[PDB]
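Taking it in order: structure first as C-alpha cells, then the write-up.
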Amino acid sequence: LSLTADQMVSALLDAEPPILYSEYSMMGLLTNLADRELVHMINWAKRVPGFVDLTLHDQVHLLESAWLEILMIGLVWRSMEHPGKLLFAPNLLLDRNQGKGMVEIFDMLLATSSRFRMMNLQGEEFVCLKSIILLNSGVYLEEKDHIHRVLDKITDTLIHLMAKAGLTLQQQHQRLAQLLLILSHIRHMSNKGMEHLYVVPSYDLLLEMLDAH
Amino acid sequence: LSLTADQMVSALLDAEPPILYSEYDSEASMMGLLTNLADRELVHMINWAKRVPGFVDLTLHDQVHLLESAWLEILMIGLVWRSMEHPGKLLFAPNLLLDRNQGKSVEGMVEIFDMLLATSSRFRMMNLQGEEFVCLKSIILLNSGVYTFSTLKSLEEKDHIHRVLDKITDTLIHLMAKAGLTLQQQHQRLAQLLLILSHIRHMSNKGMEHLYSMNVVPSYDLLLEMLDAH
Ligand SMILES: CCCN1CC(Oc2ccc([C@@H]3c4[nH]c5ccccc5c4C[C@@H](C)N3CC(C)(C)F)cc2)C1
Ligand SMILES: CCCN1CC(Oc2ccc([C@@H]3c4[nH]c5ccccc5c4C[C@@H](C)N3CC(C)(C)F)cc2)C1
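Chains as they are written, first to last, in the deposited numbering: chain B, 308 to 331, 341 to 416, 420 to 459, 469 to 526, 533 to 547; chain A, 308 to 332, 338 to 461, 464 to 528, 532 to 547.
Written out as C-alpha cells, the structure is:
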C-alpha cells in the first residue's frame, strides 16, 4: 500500500498467471480448463498488493464473487489479436458457431474483446483492471475501508500509466471511465454465465487453494 | 456535444422524472404495489431518456434496445437515490417505505432488498450529490446495452454513444473540481462512482432472474410505442 505506482505495476505484472492448455465434449473442456485456471487465479490474487491483508474469510468471499469475471477478462485479453475468435487456450481457439445457450455468452465475450482491441488496451492497464475486479466484485468496516484504499491506489496507478503514455488529463479521466464502464459488461457476462450454469467453487475449495499460513 | 459541463448538468436536472406515489387508502399487496409502481415509472423514464443529450440522435430501434437493457437498472438507481437518507429503508414512494423484514414476505425478495439497501448505504457514505446522480443514471442508459447491439449505422451509433459518455465523464470531473476536490480525489471518486454501476448491473440481473421465476419485461413494441411518438 506504500508502493509507488511503478512498483504496483511491476508487482502485478510479475504476478500474472500462466497460459494453460486444454486437456484433450466442448462443455467438459471449458469446465476443466476453468477449474485448472482457478488455482492459478488464487495464487495470482495472493500477490495483488493489499489482498492478503484481508481476513481469509473476506479473501474467499472476494474470490467467490470475482472468479468468473476474472476468467472472462483474462479470456478476452488474450483473444484481442484474434477477431471473431476466443482463445481459451493456444490449442483451443473457438468461434461463435462452435458455441452452438453458449452462443450468447460467446457473442458478448467477442464484443468485449473487440472493444479492448478498439481501445488498444495495454498490458499494464489490463492487469490493473483485473485487480479492480477482484477487490470490487464482492464488497457489497475496517475491511471494506481497506479494500477501498487499495482500489483508490490502483486508480492512481492507472492514471499514472496514462500520464506516462502522454495522454492529457482529459484523456486520462475519459479513458479511465471507458475502462471502468467495461467492467459493468464483464459483470453482466459473469451473471449470465452463472445463470447459464444453474457448478460454483465452494467456500472450502477456495479456502483450501488459498493455502493458509 | 456542443453542451458545456454546466449545460449538461442543467439539461439532466431538468429531465428528471417526477417522484410518484403508491395508491392511497398488506404483505399480500406488496408485489402488486411494487409492480404497479414500476410500470408507471417506466412511462416517465421514456420521457426522461428522450431528454438525455444525444439519446434521440440514435435510431429508434437502438433507443428501444438501450431501454430494454437498462430499465431495471434505472428504476433501481432511482430507488437507491430516493432511499439514501433513510437508513434501513427503501423509499419506493413517499407513502411506500419498506424494510428488510417486509421483503421476507416474498421468496427471494429479501436478497434484492439487501443489495439495494447496501447500495443506498454506499451512496450515503460517499455523500453522493444530486448532480452526480443524474450523470450516473445517464451513463447507465447509454452504457448498459451498447455492448449488446456490426452494421455501418450501428458503428456510427456506438461512436456517438461513446462520445456522449466521454462528455458526461467530463461533466463529472467538472462537478468534482468545482466542489474543491484535488485532481487525485477527482479520479478516485470518478472510479468509486463508476464501480457502483457494476453492482447496479448485478442487482438488475438478480432481479430480472426473480421476475422470470414468477408481461415481466417491457416488450419491444411496448417500449417502441412509448418511444415512437408521432
Ligand atoms: C468446481 C469449480 C467450478 N468450475 C466448474 C466450472 O464451471 C465453468 C464451466 C464453463 C465455463 C466457461 C469458461 N471456461 C473458461 C476457461 C478459461 C477462461 C474463460 C472460460 C469460460 C467463460 C465461459 C465460456 N464459461 C461458460 C459460462 C460459465 C456458461 F459462461 C466456466 C466455468 C468452474
Ligand atoms: C412491462 C412489464 C414490466 N413491469 C412489470 C414490472 O415488474 C416489476 C415488479 C417489481 C419490481 C420491483 C420494483 N419496483 C420499483 C418501483 C420503483 C423503483 C424501483 C422498483 C423495484 C426494484 C425491485 C424491488 N423490483 C423487484 C425485482 C424482482 C428485483 F425486480 C420491478 C419490476 C416491471
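Cβ atoms here follow ideal geometry from the backbone N, Cα and C, with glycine treated the same way.
Beta-carbon gap between residue 457 of chain A and residue 373 of chain A smaller than 7 Å: no
Consider the Cβ of residue 389 of chain A: report whether some Cβ of chain B lies at a distance smaller than 7 Å. no
When you measure from the CB of residue 379 of chain B to every non-hydrogen atom of ligand 1, does any distance come out below 6 Å? no
List the residues of chain B whose Cβ lies closer than 7 Å to the Cβ of residue 487 of chain A, in chain order. 501
Short CB-CB distance (under 7 Å) between residue 459 of chain B and chain A: yes
Give me, in chain order, the residues of the same chain whose beta-carbon lies closer than 8 Å to that of residue 324 of chain B; leave out the 5 immediate sequence neighbours on both sides. 353, 356, 357, 359, 360, 390
When every heavy atom of ligand 1 is checked, does at least one fall within less than 6 Å of the C-beta of residue 347 of chain B? yes
Using a 10 Å radius around the Cβ and a threshold of 16 neighbouring Cβ atoms, would you call residue 533 of chain B buried or exposed? exposed
To the nearest angstrom, how far is the alpha carbon of residue 502 of chain A from that of residue 464 of chain A? 34 Å
I'd like to know whether the C-beta atoms of residue 345 of chain A and residue 338 of chain A end up nearer to each other than 7 Å. no
Taking contact to mean 3 or more Cβ pairs, one atom from each stretch, closer than 8 Å, check whether the stretch 439 to 448 of chain A and the stretch 501 to 518 of chain B are in contact. no
Against chain A, does residue 469 of chain B count as a neighbour if the rule is that its beta carbon must be under 7 Å from one of theirs? no
DSSP beta-bridge partners for residue 449 of chain A? The partner list for residue 449 of chain A (beta bridge, DSSP) is empty, contrary to what the question assumes.
Which residues in chain B have a C-beta closer than 7 Å to the C-beta of residue 273 of chain A? List them in chain order. As displayed, chain A neither begins before 308 nor continues past 547, which places residue 273 of chain A out of reach and without an answer.
For residue 496 of chain B and chain A, any beta-carbon pair shorter than 7 Å? no
Residue 412 of chain A versus A:514, A:342, A:439, A:363, residue with shortest Cα-Cα distance: A:342
Contact list for residue 430 of chain B against chain A, beta-carbon separation under 9 Å: 459, 460, 461
Specify, as a first and last residue, the run of the beta strand (DSSP E) that residue 405 of chain B falls within. 402 to 405
Residue 410 of chain B at chain A interface by Cβ criterion, 7 Å: no
Taking 6 Å as the cut-off, is the C-beta of residue 453 of chain A nearer than that to any heavy atom in ligand 2? no
Any heavy atom of ligand 2 closer than 6 Å to the CB of residue 356 of chain A? no
Relative to ligand 1, is the shortest distance from any of its heavy atoms to the C-beta of residue 535 of chain B smaller than 6 Å? yes
Is any beta-carbon of chain A found at less than 7 Å from that of residue 311 of chain B? no
Please confirm whether residue 462 of chain A and residue 475 of chain A have their CB atoms less than 7 Å apart. Position 461 is followed directly by 464 in chain A, which means residue 462 of chain A is not present among the coordinates.
Under 7 Å between C-beta atoms, does residue 505 of chain B make it to chain A? yes
Measuring only between beta-carbons, confirm whether residue 439 of chain A sits less than 7 Å from chain B. no
Less than 7 Å between CB atoms is the rule here; does residue 480 of chain A satisfy it with respect to chain B? yes
Using only CA atoms, which one of B:473, B:364, B:308 lies nearest to residue 434 of chain A? B:473
Please name the residue in B:538, B:539, B:518 whose C-alpha comes closest to that of residue 526 of chain B. B:518
How would you list, in chain order, the residues of chain A whose beta-carbon sits under 7 Å from the beta-carbon of residue 483 of chain B? 501, 502, 505
Can you list, in chain order, the residues of its chain with a C-beta nearer than 8 Å to that of residue 485 of chain B? Leave out the 5 residues immediately preceding and following it. 312, 315, 316, 447
Take residue 522 of chain B as the anchor and find which of B:416, B:382, B:349 has the nearest alpha-carbon. B:382
Within chain A, the residues that residue 508 of chain B reaches when beta carbons sit closer than 7 Å: 505, 508, 509
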